[PDB]
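Chains as they are written, first to last, in the deposited numbering: chain B, 9 to 394; chain A, 9 to 394; chain A', 9 to 394; chain B', 9 to 394. A prime marks a further copy of an entry chain.
Below: the structure, in structure tokens.
4 protein chains.
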Amino acid sequence: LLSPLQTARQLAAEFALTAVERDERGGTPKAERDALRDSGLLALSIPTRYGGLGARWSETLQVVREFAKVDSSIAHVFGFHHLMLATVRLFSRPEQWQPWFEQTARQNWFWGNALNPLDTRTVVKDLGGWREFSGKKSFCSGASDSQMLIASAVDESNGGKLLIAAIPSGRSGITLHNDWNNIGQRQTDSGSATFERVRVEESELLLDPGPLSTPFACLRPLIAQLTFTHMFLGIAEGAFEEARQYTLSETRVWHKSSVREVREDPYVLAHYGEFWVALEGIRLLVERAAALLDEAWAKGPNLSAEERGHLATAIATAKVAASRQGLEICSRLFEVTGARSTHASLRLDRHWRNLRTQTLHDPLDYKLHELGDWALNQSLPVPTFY
Amino acid sequence: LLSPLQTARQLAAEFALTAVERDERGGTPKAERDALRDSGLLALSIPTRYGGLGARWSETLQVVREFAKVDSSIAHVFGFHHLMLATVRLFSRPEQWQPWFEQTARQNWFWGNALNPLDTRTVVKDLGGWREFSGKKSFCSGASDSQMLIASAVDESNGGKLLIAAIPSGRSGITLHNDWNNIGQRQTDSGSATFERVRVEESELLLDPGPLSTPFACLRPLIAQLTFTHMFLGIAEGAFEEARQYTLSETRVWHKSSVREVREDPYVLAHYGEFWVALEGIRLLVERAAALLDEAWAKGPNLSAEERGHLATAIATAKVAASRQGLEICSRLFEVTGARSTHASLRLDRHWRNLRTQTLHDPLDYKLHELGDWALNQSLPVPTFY
Amino acid sequence: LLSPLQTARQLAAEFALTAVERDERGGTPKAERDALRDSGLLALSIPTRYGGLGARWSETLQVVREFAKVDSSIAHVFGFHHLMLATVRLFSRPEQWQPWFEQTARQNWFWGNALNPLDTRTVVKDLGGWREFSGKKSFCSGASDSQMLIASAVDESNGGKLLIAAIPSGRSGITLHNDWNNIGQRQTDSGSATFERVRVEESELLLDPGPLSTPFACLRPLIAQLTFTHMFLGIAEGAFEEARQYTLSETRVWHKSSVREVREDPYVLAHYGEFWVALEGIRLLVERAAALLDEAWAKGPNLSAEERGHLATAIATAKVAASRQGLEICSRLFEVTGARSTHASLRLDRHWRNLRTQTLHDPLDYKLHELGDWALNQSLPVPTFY
Amino acid sequence: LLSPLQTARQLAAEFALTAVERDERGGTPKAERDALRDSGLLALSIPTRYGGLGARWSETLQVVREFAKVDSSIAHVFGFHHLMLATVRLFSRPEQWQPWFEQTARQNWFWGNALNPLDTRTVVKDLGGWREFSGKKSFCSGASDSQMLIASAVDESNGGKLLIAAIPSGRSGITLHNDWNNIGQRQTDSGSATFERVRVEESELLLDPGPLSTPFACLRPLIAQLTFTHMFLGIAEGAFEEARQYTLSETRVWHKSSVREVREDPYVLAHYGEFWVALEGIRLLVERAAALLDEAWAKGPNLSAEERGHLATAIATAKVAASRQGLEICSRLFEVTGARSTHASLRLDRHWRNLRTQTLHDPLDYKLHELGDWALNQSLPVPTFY
């Protein structure tokens, strides 16, 4: 009866009831992941001809942003789920990803991450008709309580070429350790995994056209980067709104203030003006990047390298603004909520913690280096794994 | 044969040949204003039915922004000219502004500013069938070398209510001092004037609906504020482009640098990345406000107070970002141009000086206060004179 | 055999072995407080003629700063203990504070805080030869596991004047709730308490000269403010040292870096240069304020209001720099420690959490307001309760 | 009748009467340089046994700071004059610098700069008993209206080794072009020069111990760096004080302000609090560097490399804070002086211009790299020319 956005807004209102408790507990949010299974949003990005909803990427990422306002962990695993589907859609043949799309929309499969282009501990051995992955991996976001995984391994014999495959999460030889113990993103299950002679069929390798091939295939790392960017904006929007309610309800004026109510304090209003200017700038940069992704995705295999590069620059521009100005909002909001807002039962610092931990996996200094290379030299970004 | 934007860019190229020498000289850019007269751009905002070009406000403000990249003083007087035309359009009867629009488009009249809501020195005396303005005025931007002026006066008999009129710039009793001597905006002719029993006919009064009346009439201060905003963006864009060319042509690497060329220095590239993130955020905010102005203007006298309020918030949001981040670009650009870019023949500081002097008339602390009142209390800004 | 600074450093080393686990646990650090009892440092500020160690305030605050580098909660309760001793020294007669100094140095009494000038719930009733406190109090830092408390109450019969007393922490009618549950300062025991007809003798009242009386007595709020300031500097120094060791031991260079080791990465070195500039500025400001406190304290009751005012300005100046630049260090350090430094077993965010929660009780916007009133108008700050 | 500091304060009060006019004119401040000749301050740094005043370096640099508050150009040439005397004192034999010291104190010689370790256009040829310098030089601060110059040349035959000499400014073959045309430091005469077969005696070469030899000799670039640092603080202190007088005298409240007078506006006072916190931090860092220079200078040829390095780090720390926070003060002060403070007759932007132009010859990014190398790796700075 409701559109995807309304369905996501209804789920997020329910997630918000337990978001503070679940930040303290951590672990796997089994009940929340089951609600995502039952809502049908796991097929949001799948076209209608496969039983999906057929949303544009801007709409899919809008839901990730909506979840990140109340629960950035749920947003992370949800956004990564659609990133895994985008991975098989871009790296494999239609004979592969079409059945995967159909089965996902029908059985509500949850896709987790086991792909790390820097963790080289997992290697692949060829046994003729099948492959075997062996080694350890780190940062396996969404691996727990998932049906499918995107797993990677290095060749060693082929100069260390990276190999990507789509395998069931419960396949023999895969061990999810569930050792994720972080200060933020505490319910993304980004722990480690162990692969011991994990059989991989040739029909499960994502080779045509494979990673980092056509500019269309090179949308994969950009989708990953723009997924985090929508999460960052959502975190800041959620921290801003929760700070707004605390200021208006349970915040007393400083005893030296000239205003009787905190709604009219000049310094408080100045802080809120700063938050607004920052958020409005981030919103437009993120949404423009989302619109450019929609138009680039529509090009399909005809996508040009120049258009891919202009999209990469727009995404990184939004990601820098979302990272820096978003983190400043999550810290400065305490100056308008008051000394009583630091009570442990509120966990108001969770927004800063979640944003602080995720903005580190992609150092801002090297993104500014790339944006400056474009601004000064008109150099397009080089396609690499995210 | 050429669109107004192409005509503006062609003028801006010629203006740039003398912009540095004219910044030192100050005074009235008479040759540059005569080029605007012969270009037809003085009728840009006038609808085609009155002999004008019929551009939307976003297109007119884009030309203001394009002139500001090379000559912010010309952009200032050009934007204020169209602001004066919007003043009679919004405040007076069609029997008044229609002939004014017709004669302006036909004779290329240059409209100047003699309106100062915060200067109480000019008073109006009612003689019966006509009135007379008497007093002193300051900040009369574009008054010199103009054909018409928007002049204001206070009625000390009616509690000090402000009265606005449109009178010929050379009417008996009007004396222009040409004492404009400022560190920035040095060719805006913003000196002082003296009114000695200047006759004002009743037909020249802007009374129906008059200033600060309907939401449509309350677009006048927003157009003024958005005109400065496009100028602020243009100044920053011009300083960026000029710094870019200097970095690529004359700047030498520091002797202790790691790169052999300044194009690859990581600190230089990081600075340009910061400039790009800042500029892209300003550009989207400014263009978004321009689009809402187009949509608001199209409503005409059916414009609601709520839609006017959302436009005011969008304009102020873009003005804060353009003012703060723009001035930071005009200062930090010297860190990538080098110690030899401060030669007085280049006047590279003129962008900073122009932006620094103009951001003072609208103090940012009170704009942040207004934006915070909306962000926290959802209070729409009260329409006032700009 | 060891100086007090050497004894403090030796304790700080042992405290650091469990500081991370105790930050998660919260509650009362009973073992750490017993170590302070056996170390003799509870008599650090007491003159040698009363059995104490006779340190100057700069030396006592240096120990607070040294404890804050590894355990800001212990530094908080340790600094407040000496603040309570300064309270009776400045507010009461020598016939009162001399025996208190003697017994404290001889029995290693731990003095806690029950003073809250902004909590009007505790009232005093005059029964004739004695009085009784009744009401509820919050933010009772160091009240648990303490021998003496500085308690306050309001006299609703005399216009609400605040009355301060020094009473045993275990006197009949005093109930400690131990409900302190905060994101930071998690072992300061700053929970709430309830006073049920708690008898207070006239000899226990701090009336001569009493609070906010002479300039010498007005040093009490400045000592409190400077105690937090040394804690803020210590937190930032501790976070810096811990980030330094992590950078040199566990941090790995970004895969797109230009250096083979993280020690030579230009962005990493630039961050550490910013931390050094920030820390050196804070250190000098804090130590300069400590020196003026020593000189002010030496004047005794001959202290002038002007010298007290210049000290207040120097302390607030150092507190602003320590608060703002300190918190920035605690956040930006993650950009040089890396994505693997956010593991929950390290609790590297504890420095930010501790500093973020404590800077809220003294809002910086009003400290800047006070400092501007001196910088512009040369107006000395009015002595008030801290 | 007056001490050096009082004499400098009396000169600076007279310089301030014409500082605004002379910023516009530029050129050589002949009258002001003659006042320095007549005051005896040109012998401030010369010991008493040579007819000088015998000031410590902290006192000499204090005068440079005092001049920079009213006239940064005069401060620059005055500070460089004593830097030239320090050059012969550190690089040459007492048989050379002692007569130079005596003649300077007796005849009030003004020493100018012609030393540029990066401008390699001036070469030296050996003719047996004498040398000849030939080439062009840039940035010859204080060369005009001077009696002695420190001139440098490259050997070419000895692998390009730099050679430094002290020669009379009016020697045959030297041509001072007086083409200094800059946006700031407009009266330092930092134009170019031409050397055509300029004879240099062997007794005029500064070779024992020569440049960059002993750690004591390596104080020369540190004195140069600390001279600029005192100038930067003086510029910011002077801009702050001139802004203070304008705010209190001729600054109107914003018409939307709640305060009746500008002395009590909350945003204005906040800005002044920010200025105070910044200035106080810079003052302590600069003065601590000045004290360390005094103690290092007293070591003489016994100065250790470690003590020289710790001084270099302290100086650079003060220089970064003085450069960045000083420039921010010179820009932000316009937000408290108002829109009427940008009048060209005030030249209030001259403080920002002077500081902006000088902070570029020593890029802050590479100083932070050096301070970070110490903060992280305990690496002392490498002695190089300034």
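Every residue, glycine too, gets a C-beta built ideally from N, C-alpha and C.
Residues of the stretch 240–269 of chain A with a C-beta less than 7 Å from any C-beta of chain B': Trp262, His263 and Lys264, listed in chain order.
Between B/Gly380 and A/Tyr58, the gap from beta carbon to beta carbon reaches 8 Å or more.
Closest by C-alpha distance to A'/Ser154, out of A'/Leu184, A'/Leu52 and A'/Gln333, is A'/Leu184.
Where A/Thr15 is concerned, the enclosing alpha helix (DSSP H) starts and stops at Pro12 to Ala24. Residue pairing by DSSP puts A/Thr183 in a beta bridge opposite A/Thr202. Ranked by how close their Cα comes to the Cα of A'/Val28, the residues A'/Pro37, A'/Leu354 and A'/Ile191 have A'/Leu354 in first place. Counting of Cβ neighbours within 10 angstroms places A/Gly192 among the buried residues, the total reaching 16 or more.
Taking 7 Å as the cut-off between beta carbons, the residues of the stretch 357–378 of chain B' near chain A are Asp357, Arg361, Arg364, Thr365, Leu368, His369, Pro371, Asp373 and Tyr374, in sequence order.
For A/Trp188, there is no enclosing alpha helix (DSSP H), since its DSSP letter is neither H nor E. With a threshold of 8 Å between beta carbons, A'/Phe236 makes no contact with chain B'.
At a cut-off of 8 Å, the C-beta of B'/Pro274 has a neighbouring C-beta in chain B. Inclusion of B'/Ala251 and B'/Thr345 in the CB contact set at 8 Å is warranted, their separation being smaller than that value. Neighbourhood of B'/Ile323 in chain A, by CB distance below 8 Å: empty, with the nearest CB roughly 17 Å away. Shown here for A'/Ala173: same chain residues with a beta carbon closer than 7 Å to its own, the five before and five after excluded, namely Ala159, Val208, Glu212, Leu213 and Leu214 in chain order. Chain A' has no Cβ within less than 8 Å of the Cβ of B'/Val390.
For B'/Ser160, the enclosing beta strand (DSSP E) begins and ends at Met156 to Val162. At least one CB of chain A lies nearer than 8 Å to the CB of B'/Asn190.
For A'/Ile290, the enclosing alpha helix (DSSP H) stretches over residues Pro274 to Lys307. In the DSSP assignment, A'/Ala122 falls within the unbroken beta strand (DSSP E) covering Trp119 to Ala122. When C-beta atoms of the stretch 274–289 of chain A' are compared with those of the stretch 356–372 of chain A', fewer than three pairs fall below 8 Å, so the two segments do not count as touching. Considering only B/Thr68, B/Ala244, B/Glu32 and B/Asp357, the residue with the shortest C-alpha distance to B/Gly48 is B/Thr68.
A/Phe88 is outside the set of residues whose beta carbon lies under 8 Å from a beta carbon in chain B. Taking 8 Å as the threshold, the shortest C-beta distance from B'/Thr15 to chain A does not fall below it. Per the Cβ contact rule, the stretch 219–238 of chain B is not in contact with the stretch 328–336 of chain A' (fewer than 3 Cβ pairs under 8 Å).
Comparing C-alpha distances from A'/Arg340 to each of B/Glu336, B/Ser257, B/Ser198 and B/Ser200 shows the shortest one belongs to B/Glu336. Nearest neighbour of A'/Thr255 by Cα position, chosen from A'/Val71, A'/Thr95, A'/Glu269 and A'/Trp138, turns out to be A'/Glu269. With 16 or more other CB atoms across the displayed protein chains lying within 10 angstroms of its CB, B/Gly120 is buried. The stretch 73–81 of chain A' makes contact with the stretch 236–243 of chain A'; the number of CB pairs closer than 8 Å reaches 3 or more.
A/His351 belongs to the set of residues whose beta carbon lies under 8 Å from a beta carbon in chain B'.
Here the C-alpha atom of B'/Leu388 lies approximately 31 Å from the C-alpha atom of B'/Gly62.
The beta carbon of B'/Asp127 sits closer than 6 Å to those of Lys145 and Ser146, all from its chain and outside the five residues before and after it, given in chain order. Contact between the stretch 256–267 of chain A and the stretch 283–302 of chain A is absent: fewer than three C-beta pairs spanning the two stretches fall below 8 Å. Among the residues facing chain A, B'/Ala347 is included, as its CB has a counterpart in that chain under 8 Å away.
DSSP, read as helix, strand or coil, puts A/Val132 in strand.
Contact of B/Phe342 with chain A' by beta-carbon distance below 9 Å involves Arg364, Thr365, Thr367 and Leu368. Look at A/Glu258 here: in three-state DSSP terms it is coil, with no helix or strand label.
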